[PDB]
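> My questions all concern the structure below.
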Amino acid sequence: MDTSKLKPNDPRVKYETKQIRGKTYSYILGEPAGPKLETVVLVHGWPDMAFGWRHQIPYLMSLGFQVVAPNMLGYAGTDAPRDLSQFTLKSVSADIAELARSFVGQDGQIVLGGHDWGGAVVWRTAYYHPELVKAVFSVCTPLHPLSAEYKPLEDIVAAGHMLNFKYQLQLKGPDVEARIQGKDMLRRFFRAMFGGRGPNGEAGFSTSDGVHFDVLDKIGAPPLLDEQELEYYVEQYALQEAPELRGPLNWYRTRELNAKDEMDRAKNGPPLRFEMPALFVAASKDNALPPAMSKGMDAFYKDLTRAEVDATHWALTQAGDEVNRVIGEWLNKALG
């Protein structure tokens, strides 16, 4: 079994869709050699896609796992609904649950893994569907408590709080959606998002201000992608109807809707408590999600394993082999 990373359109896996809760969901499906131990569902974040797990998918396949990696709502081959209520963590968790059970049956269980917004999704999925989730891991994204209040993000950062999230103001607004349209702009956007820099070292993205439009034309080749991978991201994102980033950006437009769901659960529903085995992999050089942010996370878990890898936010790829080892060892203990 070839365990090297997936290449664009890699033939070792299948590219399928299913109807899931009223939406077409596209996904990568990888089969193990021999009888499957478990099914693992992997959930990417922004601005990534299923192919973001290209290091992990063949590795997990070779460990005996069936792997299902969806392009999440709004991304690539998957539908991007107009309604923002479809993009809430709760609605997407329910999508994941139905997708999972279309593979393991209604009584079955899965292993669940996430990164970035995907990490937020898998903690919520394990909270909303503990029947289904046998073990759960997140890379980079720590647990956040159930929202007890809603304040507009503008007011939070104007008071000097959550400053490392201020880029989300730009993302939820009109500017990125309007300006980043078509393959050529998408290409520049991805060189910026994956670490490319201009002739004078200017970054194409910051956690303070978001996408630096003036820089994009001058942004060079990202260290974190080769040319073919970069082109695959462009082509898959171009599957969306222009403005192509509407779907992906809708993930930043749900704070009020999410807060409404979670204030309800904070008051009426069960407490945030994970009984099943859980893993959090922190990334040392993570700008957007610094490890310090996972402060008192351990209190919510019966069985949390912490790990750390030296990488930026893009740890799945930049530190693929190390991330694979951490997951492999944890999964071995968690299942055995």
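Labeling convention for the structure tokens: chains A, B, ... as they appear, residues from 1 per chain, ligands from 1 in order of appearance.
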Could you pull out the residues in region 13-228 of chain A that DSSP calls strand (DSSP E or B) from the backbone, as a ChimeraX atom specification?
/A:14-20,23-30,39-43,66-70,110-115,133-139,197,203,205-206,210-211
> Write out as CSV the residues of region 293-323 of chain A that have any atom within 12 Å of an atom of region 53-64 of chain A, one row each with the nearest atom pair and its distance in Å to one decimal, counting only C-alpha atoms, sorted by chain and then rising number.

residue,atom,partner,partner_atom,distance
A:314,CA,A:53,CA,10.5
A:315,CA,A:53,CA,10.2
A:316,CA,A:53,CA,6.6
A:317,CA,A:55,CA,6.3
A:318,CA,A:55,CA,9.5
A:319,CA,A:55,CA,9.1
A:320,CA,A:55,CA,5.5
A:321,CA,A:55,CA,7.4
A:322,CA,A:55,CA,10.2
A:323,CA,A:56,CA,8.1
> Could you please write out, as a VMD selection string, every residue of region 107-224 of chain A that DSSP assigns to alpha helix (DSSP H)?
chain A and resid 117 to 128 153 to 158 167 to 172 175 to 179 182 to 193
> Give me, please, the distance in Å between CA of residue 119 (chain A) and CA of residue 139 (chain A), quoted to one decimal.
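Between CA of residue 119 (chain A) and CA of residue 139 (chain A) the gap is 6.6 Å.
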> Excluding region 73-78 of chain A and its own-chain neighbours fewer than 2 positions away, which residues fall within 6 Å of it when counting only C-alpha atoms? Please give them as a PyMOL selection string.
chain A and resi 24-26+71+80+236-237+239+247-248
> Limited to N, CA, C and O atoms, could you put the picked residues into a file as an mmCIF file, in the first residue's frame?

data_model
loop_
_atom_site.group_PDB
_atom_site.id
_atom_site.type_symbol
_atom_site.label_atom_id
_atom_site.label_comp_id
_atom_site.auth_asym_id
_atom_site.auth_seq_id
_atom_site.Cartn_x
_atom_site.Cartn_y
_atom_site.Cartn_z
ATOM 1 N N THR A 24 -26.593 18.338 -1.930
ATOM 2 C CA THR A 24 -25.589 17.476 -2.508
ATOM 3 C C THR A 24 -24.275 17.646 -1.744
ATOM 4 O O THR A 24 -23.733 18.747 -1.689
ATOM 5 N N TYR A 25 -23.778 16.573 -1.141
ATOM 6 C CA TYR A 25 -22.470 16.591 -0.494
ATOM 7 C C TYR A 25 -21.473 15.789 -1.310
ATOM 8 O O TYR A 25 -21.702 14.616 -1.622
ATOM 9 N N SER A 26 -20.350 16.414 -1.642
ATOM 10 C CA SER A 26 -19.280 15.707 -2.322
ATOM 11 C C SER A 26 -18.232 15.297 -1.303
ATOM 12 O O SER A 26 -18.054 15.972 -0.282
ATOM 13 N N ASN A 71 -16.126 17.490 1.250
ATOM 14 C CA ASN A 71 -16.037 18.923 1.022
ATOM 15 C C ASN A 71 -17.220 19.512 1.779
ATOM 16 O O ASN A 71 -18.380 19.146 1.525
ATOM 17 N N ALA A 80 -23.805 25.046 -1.949
ATOM 18 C CA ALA A 80 -23.729 26.231 -1.103
ATOM 19 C C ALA A 80 -25.091 26.919 -1.011
ATOM 20 O O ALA A 80 -25.388 27.826 -1.797
ATOM 21 N N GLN A 236 -10.958 23.346 -7.931
ATOM 22 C CA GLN A 236 -12.065 22.856 -7.104
ATOM 23 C C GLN A 236 -12.908 24.014 -6.586
ATOM 24 O O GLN A 236 -14.131 23.936 -6.565
ATOM 25 N N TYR A 237 -12.268 25.117 -6.207
ATOM 26 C CA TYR A 237 -13.022 26.276 -5.749
ATOM 27 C C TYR A 237 -13.839 26.885 -6.893
ATOM 28 O O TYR A 237 -14.924 27.434 -6.680
ATOM 29 N N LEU A 239 -15.506 25.341 -8.937
ATOM 30 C CA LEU A 239 -16.730 24.557 -9.135
ATOM 31 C C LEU A 239 -17.931 25.303 -8.569
ATOM 32 O O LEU A 239 -19.060 25.089 -8.990
ATOM 33 N N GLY A 247 -19.995 30.659 -0.394
ATOM 34 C CA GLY A 247 -20.157 29.487 0.456
ATOM 35 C C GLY A 247 -19.127 29.414 1.580
ATOM 36 O O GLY A 247 -19.504 29.343 2.762
ATOM 37 N N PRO A 248 -17.830 29.408 1.227
ATOM 38 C CA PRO A 248 -16.792 29.376 2.266
ATOM 39 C C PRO A 248 -16.920 30.549 3.239
ATOM 40 O O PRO A 248 -16.796 30.350 4.450
#
